[PDB]
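Visitor: Show me how the following folds:
(chains A and B, ligands or ions: 2)
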Number of protein chains: 2
Amino acid sequence: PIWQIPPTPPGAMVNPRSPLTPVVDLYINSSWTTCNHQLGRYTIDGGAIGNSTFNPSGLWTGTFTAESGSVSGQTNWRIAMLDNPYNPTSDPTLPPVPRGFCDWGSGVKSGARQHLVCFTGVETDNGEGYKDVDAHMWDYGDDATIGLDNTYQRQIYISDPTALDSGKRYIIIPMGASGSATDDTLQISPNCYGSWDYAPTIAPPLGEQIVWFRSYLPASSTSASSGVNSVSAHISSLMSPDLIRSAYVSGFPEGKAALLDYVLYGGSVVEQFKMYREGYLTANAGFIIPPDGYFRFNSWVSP
Amino acid sequence: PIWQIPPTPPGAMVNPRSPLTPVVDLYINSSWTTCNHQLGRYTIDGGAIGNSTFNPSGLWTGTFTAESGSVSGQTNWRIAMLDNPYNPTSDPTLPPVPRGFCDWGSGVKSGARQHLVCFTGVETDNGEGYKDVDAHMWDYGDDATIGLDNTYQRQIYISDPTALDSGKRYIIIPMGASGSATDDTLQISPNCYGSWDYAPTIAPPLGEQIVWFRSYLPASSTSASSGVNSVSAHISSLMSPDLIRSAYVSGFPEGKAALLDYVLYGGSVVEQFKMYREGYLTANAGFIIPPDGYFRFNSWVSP
Ligand SMILES: C[C@@H]1O[C@@H](O[C@@H]2[C@@H](O[C@H]3O[C@H](CO)[C@H](O)[C@H](O)[C@H]3O)[C@@H](O)[C@@H](CO)O[C@@H]2O)[C@@H](O)[C@H](O)[C@@H]1O
Ligand SMILES: C[C@@H]1O[C@@H](O[C@@H]2[C@@H](O[C@H]3O[C@H](CO)[C@H](O)[C@H](O)[C@H]3O)[C@@H](O)[C@@H](CO)O[C@@H]2O)[C@@H](O)[C@H](O)[C@@H]1O
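Guide: Numbers count the residues shown, from 1 in each chain, chains lettered A, B, ... in the order given. Ligands and ions are numbered 1, 2, ... in the order given. Structure data below:
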């Protein structure tokens, strides 16, 4: 059977790995030959694999709990634990972090490049909301041990001149990166170890590259206290859920990829993409591609 | 022609009129017999009608510019203007506010409830982001003149004890309501005037009511002298883009509605909704419906 794709431009699609920032370009990079991401992972048969969702914006904000302490050496990095409502009992067969939570990489061992939970605040002590939400720096684990630097687990630290209220719950809305955060450091994601069924690290077919649905992330700095040196960057994804939603009506034939026509202006320039059942859409043999264009189905091809 | 609906629960659907907040329940209220909203308006034949979009999360954040002034009477209500990237020249045939911007109502001439735009910050004077993004209160116009107090246009006011940098861009991410803003005040939307084709007011047929895809909006206060009166509330939407996205491969037949089966638990309880072409979900003849269920197509009925 044939596949019908609605003519929705990528500019009208959600960036699953970074909501609140629309898709600006389709990005091709020759130095990116893998994808160890946990957000934006979709499959034809398995649905939303890994830790992704079909509602990226809804599952974007999290909560954590203070741990009444600080990391060894650095007094400002108060330790804290991510709260998981989806996995209340700590089952080793289920993901530790809440579904849809951010997975931007920060580096192996770098006390110069920290993330930015642009909005973190304590509860109101009344159960109605939160209070004094402002920009703060965060990262996964403690940046000391091998198993807690890139671990994508529930332990984090928050940079704050004062001390967090012990045992009190806080909100988390990850928006921004600070320090020496380049685009390549955000493209990598923290390693996940354990038993739970996480998404594998995919690689493109031999000789082909990947379209990334890039977006521009602005800065959110502070001009007081110790200060926040946030920087502007870019974020990439595997594919938006909007494109792959249509494919579930008639799944791909057994061991068959699809040929997609990306048409920009009338019939002047029409690029060819090859979409696989594992989630990624490959091109061939990079440069940015405008988002004002629609995807059209050509035929079914063999890998 | 039949309509196949994917079994996606409403808890996995985006709330158009309030992203960053998952759908909590399906809400049906007897006193709500209309919807003058400009967000969440979709049509089977006309596409995204009014001021809505298929990417509510991407187009949620806005930018405004200062006007070097304040409202008469209240010194703290600095005046600004919402800049539209989709309508650079102020053509009266296009919507004044940028597409996808918030439309939460507040009440005409109200100095007791100022839904807070929450996150607002000045530009960094570097061209790469914004700085000191903090929680501030906002509203449309100046709450004095009938033509621009509650009229959903470019003029807004921001409450800030210190003056705003004149002629500089500011970021805004509206999230929260302050003062005595109940659920009913947020339900209504500011009136629309002009020549642009805005979404009309929808009234359900006699003897039927609506399903509202409601969600819970927390509070984000401030501990300072002036402070913020942020309160918790709920937000409702007419329709989610995920449901109407499917109904485009085969559009509805000539002047016929659809009968949808909402199946809960293990099929013990099945409710029957009526979906119309205007984009509203009729639920016959209010209480609260859980989101743990999937939609199923039954037949085509005549309104
Ligand atoms: C070397 C550096 O000196 C001070 O740096 C602060 C900035 O602090 C932040 O950035 C630094 C350098 O990248 C580093 O990543 C640190 O973990 C982080 O806190 C920042 O507060 C700016 C404010 O504009 O001021 C200085 O550049 C010191 O605070 C850092 O701890 C670090 O030793
Ligand atoms: C000092 C006090 O200020 C006003 O009441 C404040 C609140 O101010 C805020 O709310 C009121 C309406 O409730 C109004 O909308 C004002 O523009 C807004 O900023 C607020 O400061 C709270 C907590 O911080 O305290 C008071 O309720 C004013 O209404 C009072 O008459 C009085 O002057």
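Visitor: Then residue A:11 would be within a helix, right?
Guide: Yes: counting by DSSP: H, G, I helix; E, B strand; the rest coil, residue A:11 is part of a helix.
Visitor: partners of the one residue in the stretch 51-200 of chain A that gets nearest to chain B in the sheet?
Guide: Residue nearest to chain B within the stretch 51-200 of chain A: residue A:129 (2.6 Å; Cβ to the nearest Cβ). (Each C-beta comes from the backbone N, C-alpha and C, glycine too.) Judged by DSSP bridges, the bridge partners of residue A:129 are residue B:219.
Visitor: Pretty sure it sits against residue B:230.
Guide: Yes: with contact defined as Cβ atoms under 8 Å, residue A:129 reaches residue B:230; the gap is 6.4 Å.
Visitor: follow-up on the earlier one: could you count how many residues lie near the residue of the stretch 51-200 of chain A closest to chain B?
Guide: Applying other Cβ atoms under 10 Å in any protein chain shown, we find 19 residues neighbouring residue A:129.
Visitor: repeat for the one 4 residues further on
Guide: Residue A:133 has 27 neighbours, counted by other Cβ under 10 Å.
Visitor: A strand includes it, no?
Guide: Yes: secondary structure of residue A:133 (three-state DSSP): part of a strand.
Visitor: give the contact list for it.
Guide: A:119-121, A:171, A:173, B:118-119, B:135, B:220 (Cβ atoms under 8 Å, 6 or more residues apart in numbering or on different chains).
Visitor: hmm, try it at 6 Å
Guide: A:119, A:121, B:220 (Cβ atoms under 6 Å, 6 or more residues apart in numbering or on different chains).
Visitor: The closest residue to it other than its chain neighbours: what secondary structure?
Guide: Excluding the flanking residues, the one nearest residue A:133 by Cβ to Cβ, 6 or more residues apart in numbering or on different chains is residue A:121, at 3.6 Å. The three-state assignment at residue A:121 reads strand, by three-state DSSP.
Visitor: Just confirm residue A:121 contacts residue A:132, I think it does.
Guide: Yes: taking Cβ atoms under 6 Å as the definition, residue A:121 is a contact partner of residue A:132 at 5.0 Å.
Visitor: just the strands in the stretch 201-303 of chain A please.
Guide: Ranges of strands within the stretch 201-303 of chain A are A:215-217, A:219-221, A:230-231, A:233-235, A:257-263, A:270-275, A:281-282, A:294-301, based on DSSP state E, counting those that start in this stretch.
Visitor: could those strands be laid out in CSV, adding mean neighbour count and distance to residue B:41?
Guide: Shown next, in CSV, are these (neighbours: other Cβ atoms under 10 Å in any protein chain shown; distance: least, Cβ to Cβ, whole Å):
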stretch, mean neighbour count, distance to residue B:41
strand A:215-217, 20, 26
strand A:219-221, 24, 32
strand A:230-231, 24, 36
strand A:233-235, 21, 30
strand A:257-263, 18, 28
strand A:270-275, 17, 32
strand A:281-282, 20, 31
strand A:294-301, 14, 23
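Visitor: Any chance of the ones you listed in TSV with distance to residue A:59 as columns?
Guide: Formatted as TSV, the strands of the stretch 201-303 of chain A follow (distance: least, Cβ to Cβ, whole Å):
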stretch	distance to residue A:59
strand A:215-217	18
strand A:219-221	21
strand A:230-231	24
strand A:233-235	17
strand A:257-263	28
strand A:270-275	25
strand A:281-282	24
strand A:294-301	26
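Visitor: for those, which one sits closest to residue B:45?
Guide: strand A:294-301 (19.1 Å; Cβ to Cβ).
Visitor: Export the closest one to CSV, keeping only CA atoms.
Guide: Output in CSV follows, covering the C-alpha atoms of strand A:294-301 (Å, rounded to 0.1, in the frame of the first residue of the first chain):
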residue,chain,number,x,y,z
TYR,A,294,6.8,19.6,2.2
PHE,A,295,7.5,15.9,2.1
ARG,A,296,6.0,13.9,-0.7
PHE,A,297,6.0,10.1,-1.1
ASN,A,298,7.8,8.7,-4.1
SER,A,299,8.1,4.9,-3.8
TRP,A,300,9.4,2.0,-1.7
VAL,A,301,13.1,1.2,-2.1
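Visitor: So which elements touch that strand?
Guide: strand A:257-263 (3 or more Cβ pairs under 6 Å, 6 or more residues apart in numbering or on different chains; DSSP states H and E).
Visitor: how big is the angle separating the strand it packs on from strand A:270-275?
Guide: 150 degrees (axes from the mean of the first three to the mean of the last three Cα atoms, to 10 degrees).
Visitor: which residues touch strand A:257-263?
Guide: Contacts for strand A:257-263 (Cβ under 6 Å, 6+ apart): A:270-271, A:273-276, A:293, A:295-296, A:298-299, A:301, A:303.
Visitor: From those residues, pick the one nearest residue B:67.
Guide: Distance to residue B:67, by Cβ to Cβ, is smallest for residue A:293 among the contacts of strand A:257-263, at 38.0 Å.
Visitor: Correct me if wrong: that closest one contacts residue A:268.
Guide: No: with contact defined as Cβ under 6 Å, residue A:293 does not count as touching residue A:268 (11.2 Å).
Visitor: Look at the two and report which has more neighbours.
Guide: Remark: of residue A:293 and residue A:268, residue A:293 carries more neighbours, 20 against 7, as counted by other Cβ under 10 Å.
Visitor: For residue A:157, give the beta-bridge partners.
Guide: Counting by DSSP bridges, the residues bridging with residue A:157 are residue A:79, residue A:139.
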